[PDB]
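Notes to accompany the following structure.
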Amino acid sequence: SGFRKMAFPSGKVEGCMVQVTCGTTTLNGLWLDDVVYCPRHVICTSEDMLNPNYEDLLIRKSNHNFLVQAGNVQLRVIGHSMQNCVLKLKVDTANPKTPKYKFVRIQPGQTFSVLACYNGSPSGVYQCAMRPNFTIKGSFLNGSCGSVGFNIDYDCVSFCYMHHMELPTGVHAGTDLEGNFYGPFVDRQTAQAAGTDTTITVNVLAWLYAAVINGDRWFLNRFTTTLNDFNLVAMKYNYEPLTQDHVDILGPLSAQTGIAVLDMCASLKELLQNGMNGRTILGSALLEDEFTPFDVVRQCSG
Amino acid sequence: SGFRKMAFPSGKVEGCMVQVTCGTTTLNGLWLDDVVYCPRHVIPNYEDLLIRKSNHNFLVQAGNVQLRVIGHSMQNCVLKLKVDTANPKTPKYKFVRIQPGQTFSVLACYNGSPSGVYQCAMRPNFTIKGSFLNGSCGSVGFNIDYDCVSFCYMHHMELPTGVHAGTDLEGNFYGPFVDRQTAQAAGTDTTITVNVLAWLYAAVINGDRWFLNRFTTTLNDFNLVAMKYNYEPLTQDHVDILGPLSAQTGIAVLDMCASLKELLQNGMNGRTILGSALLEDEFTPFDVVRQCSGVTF
Ligand SMILES: CN1CCc2ccc(Cl)cc2[C@@H]1C(=O)Nc1cncc2ccccc12
Ligand SMILES: [Cl-]
């Protein structure tokens with residue numbers, strides 16, 4: 001029993017965290033095999049942040065301009081290339097701690113663990129979700145650039161996020177490990193704003209199923225709903241539209257608890273109308289949306 | 001910016017997780033140097049049950065490597081299994097017993113394999129509100145102090161309310177619990193007052209000031225109110241511990257206490273503090289400083 005916000009064990013990722021210095025800028029890199037991946041904004045100066053030409057800045061750099069530190073060991077850069085917003089630094093040593101890994105691009109609503117690092121040193125691990133507006137609500141200070149998001153399903157680390165910047169609202173923007181940003185963001189100091197955030201409906205329903213599995217049924221009702229009627233109500237509370245794919249994804253949890261997805265949708269509709277009335281669901285007074293259907297099954301079974 | 005429930009990097013502890021099998025029971029062990037520590041319930045008169053066991057009855061597995069047991073001893077509710085091989089991945093470590101209100105990271109394991117890491121606090125009732133299924137017994141709680149892992153918890157059991165009970169690494173239980181299937185209940189829980197205040201300072205640091213007021217309070221008046229809401233008494237030591245956060249935000253500890261006093265009597269009124277509609281009590285004053293300054297391990 002119990003439901004906690006749970007992160008994947010960070011060990012396999014800690015073994016890949018290095019410090020990358022270019023000029024005055026110092027951030028984190030991901031050392032996998034003989035490549036160190038880091039945000040390309042490490043090559044930017046003070047006046048090269050509003051409108052930087054990264055191809056122009058990178059052509060002026062040599063291998064010895066990039067200082068890479070793995071613990072107390074200075075790694076030798078033997079090549080450099082840029083792939084979208086990520087800088088790939090070829091090094092003369094393959095990381096012996098390189099785990100089995102994949103580069104995966106995630107969709108909004110997906111969750112992942114973040115190993116927050118400063119100067120190539122891991123300081124903390126937390127779980128978070130890709131928000132529907134493509135931002136993440138992380139805990140990041142200056143120097144956290146290059147910190148990574150991942151999932152460790154089985155023995156393979158799926159890298160899905162590299163932290164790049166903080167938006168004016170305190171939310172964070174970054175890229176997949178191929179340098180492609182999530183959302184309409186660019187790696188420049190220009191006026192950028194996160195789109196209006198919405199609640200990840202499929203995740204709230206999954207978390208309501210997790211509560212049913214843990215013996216919490218106070219919120220259940222005798223009603224069901226059509227998918228269209230649920231979406232008309234959900235939209236009014238800034239909830240993401242629930243698609244047929246989401247209903248199908250919730251199938252195993254529906255079978256395990258005996259509560260049809262559209263029946264749980266009716267509980268959610270009612271919670272949205274009434275609030276909690278001093279009650280909590282899984283120790284929370286708000287509807288939690290950062291647990292996917294896959295997370296609920298994993299935590300409530302193995 | 002941002003405030004998350006953050007755990008210590010679990011890497012140093014992952015290298016120590018092994019699987020311990022005795023008869024039909026399989027749980028986790030902590031392999032430090034040439035000793036594997038695990039709950040004694042893996043084997044009730046525990047001295048009588050242990051005297052009937054031989055070294056070869058305990059199967060210890062480190063990944064796909066069987067560790068041979070060369071000795072066994074019991075220290076309170078922990079079984080110490082002497083192994084032939086010293087763990088090469090043994091970090092710098094200490095065994096520390098924590099106080100209720102202190103936080104730590106839990107590396108949940110099933111069959112000697114780490115599956116998740118989460119942060120939690122030792123409740124004032126000595127239980128942890130964890131997340132554990134069958135096979136999690138032997139999972140450990142820890143803090144990281146520079147490069148030294150302070151082991152503070154070993155998971156033993158789940159109470160009927162879904163909360164958890166365990167011991168320090170010397171086998172001494174946290175709370176009035178015993179390691180057997182019997183009628184055991186967690187005491188009435190209380191809110192960790194010093195941690196709520198620290199989390200209110202973390203909210204101020206993140207730009208959340210709606211709950212601040214012009215008022216202050218005496219420590220005695222605050223404790224008379226806090227006792228009415230099932231909050232732990234705030235001591236002078238707590239006030240002193242909150243000193244750096246008070247200096248950093250310019251809000252005196254007793255001034256923040258009057259904000260907590262108004263929050264207890266009046267509620268949040270549809271508002272949230274750090275994305276929460278409840279007062280969070282599982283972040284200590286040190287956790288807030290560490291997360292709002294950036295300490296690395
Ligand atoms: C240092 N510069 C600032 C401007 C800028 C502009 C564009 C880009 Cl692509 C990156 C940056 C980085 C940055 O945002 N760093 C940060 C990343 N995450 C949390 C931060 C918390 C506070 C301060 C900076 C943070
Ligand atoms: Cl995805």
Side-chain angles (χ1 to χ4, degrees), chain A residues 20-28 38-54 57 82 84-87 102-119 123-124 126 128-132 134-151 153 158-177 179-194 200 202-203 206 240 243 245-246 249 290-295 298, chain B residues 1-4 205-207 291-294:
Chain A
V20 175
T21 304
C22 200
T24 191
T25 307
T26 290
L27 42 69
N28 312 288
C38 78
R40 77 187 173 158
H41 67 73
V42 70
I43 67 176
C44 297
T45 64
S46 289
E47 24 66 70
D48 266 300
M49 270 300 196
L50 264 172
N51 280 288
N53 193 317
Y54 290 100
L57 297 168
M82 175 167 73
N84 308 303
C85 305
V86 293
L87 182 64
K102 290 176 202 187
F103 284 172
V104 188
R105 179 178 180 85
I106 62 165
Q107 297 303 316
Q110 182 67 270
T111 62
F112 56 101
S113 308
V114 173
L115 181 63
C117 301
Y118 299 92
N119 302 295
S123 60
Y126 62 85
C128 75
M130 178 56 55
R131 302 305 309 168
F134 289 107
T135 67
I136 81 158
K137 286 177 174 170
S139 186
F140 284 131
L141 304 173
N142 210 346
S144 60
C145 292
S147 291
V148 298
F150 61 100
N151 293 298
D153 287 317
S158 289
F159 291 102
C160 63
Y161 179 84
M162 174 163 277
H163 182 59
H164 276 69
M165 59 186 207
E166 183 173 291
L167 301 181
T169 52
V171 299
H172 304 97
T175 71
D176 55 28
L177 264 295
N180 298 91
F181 255 94
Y182 290 100
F185 306 113
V186 296
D187 50 357
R188 297 154 65 198
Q189 250 297 130
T190 200
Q192 300 190 75
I200 311 157
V202 64
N203 287 12
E240 274 298 295
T243 72
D245 273 25
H246 294 149
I249 288 168
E290 302 206 351
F291 293 99
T292 68
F294 187 100
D295 288 341
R298 201 179 181 270
Chain B
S1 316
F3 212 67
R4 275 273 180 211
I205 296 170
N206 274 273
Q291 199 178 154
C292 309
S293 86

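Here is how names work: the chains are called A, B, and so on, in the same order as the sequence lines, proteins then strands, and each is numbered from 1. First listed ligand is number 1; within each ligand, the first listed atom is number 1. Excluded from the calculations below are hydrogen atoms, water molecules and symmetry mates; all remaining heavy atoms, backbone and side chain alike, are included.
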Assign the ring pair A:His163 / A:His172 to parallel, tilted or perpendicular, where the plane angle (0 to 90°) is split at 30° and 60°.
perpendicular
Ring geometry between A:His164 and A:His41 (parallel below 30°, tilted from 30 to 60°, perpendicular above 60°):
perpendicular
Minimum-distance pair of heavy atoms, taken over all atoms of A:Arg105 and A:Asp176
NH1-OD2, 2.9 Å
Measure up the A:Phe134 and A:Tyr182 rings against each other and bin them: parallel (under 30°), tilted (30 to 60°), perpendicular (over 60°).
parallel
Close side-chain approach of A:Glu290 and A:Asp295, heavy atoms under 4.5 Å:
no
Can you tell me which residues line ligand 1 if we count any heavy atom under 4.0 angstrom from one of its atoms, in chain and number order?
A:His41, A:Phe140, A:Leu141, A:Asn142, A:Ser144, A:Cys145, A:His163, A:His164, A:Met165, A:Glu166, A:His172, A:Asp187, A:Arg188, A:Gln189
Report the distance from atom SG of B:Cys292 to atom CG of A:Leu141, rounding to the nearest 0.5 Å.
7.5 Å
